[PDB]
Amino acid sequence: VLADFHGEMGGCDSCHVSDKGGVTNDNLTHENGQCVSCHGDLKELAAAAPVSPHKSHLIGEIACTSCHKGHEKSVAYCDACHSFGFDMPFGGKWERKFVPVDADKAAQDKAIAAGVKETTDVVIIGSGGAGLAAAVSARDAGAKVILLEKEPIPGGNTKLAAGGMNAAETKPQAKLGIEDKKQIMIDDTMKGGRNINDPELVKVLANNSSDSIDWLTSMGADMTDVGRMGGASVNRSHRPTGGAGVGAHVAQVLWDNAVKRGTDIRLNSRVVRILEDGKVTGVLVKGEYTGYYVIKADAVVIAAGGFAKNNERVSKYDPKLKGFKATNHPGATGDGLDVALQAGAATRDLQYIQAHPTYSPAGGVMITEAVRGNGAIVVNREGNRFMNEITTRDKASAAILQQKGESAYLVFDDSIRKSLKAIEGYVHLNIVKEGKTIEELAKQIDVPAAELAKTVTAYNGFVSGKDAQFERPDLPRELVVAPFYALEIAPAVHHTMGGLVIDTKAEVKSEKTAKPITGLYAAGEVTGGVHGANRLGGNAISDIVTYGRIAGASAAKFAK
């Protein structure tokens, strides 16, 4: 393993700050500083390559040591989701074993009394979009902030986002001639979530839309290309120019503005217990390399994201999903909830679990809803349609599940490809089948040519504005410019709509006293209420930025 190959050279000293060994802090800044000093940084190594592991869509600081492990085998972090078969020096298999947030309780207790190490104003749990947005906001005229992330790299699921951040009205919307109104945000969001959404929450998720999309803009962002996500009316899923993805883009812009103000960001740092006055007093952090430690603070923003990804838990509410795959990064396992629950927080809609209908088994990645949005039709194993491709995710997941072999085929054109740049990525991953004709496409896919062609030529007729098969309301493009493409997709656990109970101010309410537990804040996928029982495409990112801002600001007034 790497540190032995380097022990052979000059010592412990090479990397560690001292000759005895040991890490100073959990971000591992010294050591990574030593990596770069003899090997160069990522740009340098990226430039040197001919798909390289040293240059990717990942956002924020990506330590060398997140893959190049000192005292143990090393693994590309890319293998959490892809199977690139990189040949990593000192290689190993990617493996994560979920460990309870409460186990090693003696140790945690032994460690809570054992001093008091640092004190800050406001602690933020997690570095996706809700956590960084809170960082900007707490920090931005207010307090001191210490943000902890347990992964070795930042941005959670936020950074994988593909399809857009919903916004209403006054976004750049003006500029494209897209006519839209606030109440039409609320109203499709109540419709989408089957009318149980907390109405006050959906309201602020409507009424702050525009400013969250202006905020991002005050910061360096690019929210100007707009599309159609399943379930809304007037077009409104904001994204970067020409069909790229908002996630990475938003994460990155929030990471830099968070780092640019004075946030104290720390990776390899899991919050495992909120500190009990019962007013929140601090937090119990297990730094992966520095051990346990207390942070005293006056406000705790919980922004830990969802639990999709923990198949043990998801299978506990909806065992249909047992064994299913997830579209999430490896950190969305429910830690956050557990920490909050321990602190006596109330929750709601924990059982409504969103499965994304078009995940790719072969690539280990979700394939954006925008591919259907821009014109793709979906086809079963027989060669025919079976659904209104822009329906709600739950109905779309269900119909593919009810099909010959449990999977289905996205089929689109050269015209749909051109028009949605996320498609270049799928092409880059080698997961896209290509036909010079539909007959050619059929052979690759193993679906029958006459039947698929008849399907496509009929779908074209529907395209003539009427889908006399399945009612699809929008028929954007015809599907007639060669070459023609296909990808088999299937449903995968994606988002957990439920979670902690919070108000419009981001406060968390106690189960027992049905009022706020003091100084306890929360924002993002870890909360419940915003999406009722079904989340609309593009409402996650809008929820997270709006609600992070509110959670950061609320927490700063607290302590002030």
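The first residue of the sequence shown is number 1, and the count goes up from there.
> Deposited residues absent from the coordinates between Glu95 and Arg96, none, 1 to 3, 4 to 9, or 10 or more?
Missing residues, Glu95 to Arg96: none.
> Do any residues of the deposited sequence lie unmodelled between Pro50 and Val51, and which range holds their number: none, 1 to 3, 4 to 9, or 10 or more?
Per the record, 1 to 3 deposited residues are absent between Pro50 and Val51.
> Averaging CA B factors per stretch from the PDB record, which one is higher: 374-382 or 229-237?
Comparing 374-382 with 229-237, the higher mean C-alpha B-factor belongs to 229-237.
> Please work out which of 433-441 and 205-213 has the higher mean CA B-factor as recorded in the PDB entry.
Taking the mean C-alpha B-factor of 433-441 and of 205-213, the larger value falls to 205-213.
> Quiz for you: based on the deposited Cα B-factor, which of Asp413, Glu488, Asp104, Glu424 is highest?
Among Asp413, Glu488, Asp104, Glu424, the highest C-alpha B-factor in the entry belongs to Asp104.
> Just the C-alpha B-factor column, please: which of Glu312, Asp338, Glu451, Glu288 has the biggest number?
The C-alpha B-factor peaks, among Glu312, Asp338, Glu451, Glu288, at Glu451.
> What third of its chain, lowest, middle or highest, does the C-alpha temperature factor of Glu478 fall into?
As the PDB entry reports it, the C-alpha B-factor of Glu478 lands in the highest third of its chain.
> Divide the modelled residues of the chain into thirds by Cα B-factor and specify which third, lowest, middle or highest, holds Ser56.
Within its chain, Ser56 is a lowest-third residue by C-alpha B-factor, going by the deposited values.
> Select lowest, middle or highest to describe the third in which the CA B-factor of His30 falls within its chain in this entry.
Within its chain, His30 is a middle-third residue by C-alpha B-factor, going by the deposited values.
> When the deposited Cα B-factors of this chain's modelled residues are ordered and cut into thirds, is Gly70 in the lowest, the middle or the highest one?
Middle third.
> Compared with the other modelled residues in the chain, in which third is the CA B-factor of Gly538?
As the PDB entry reports it, the C-alpha B-factor of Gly538 lands in the lowest third of its chain.
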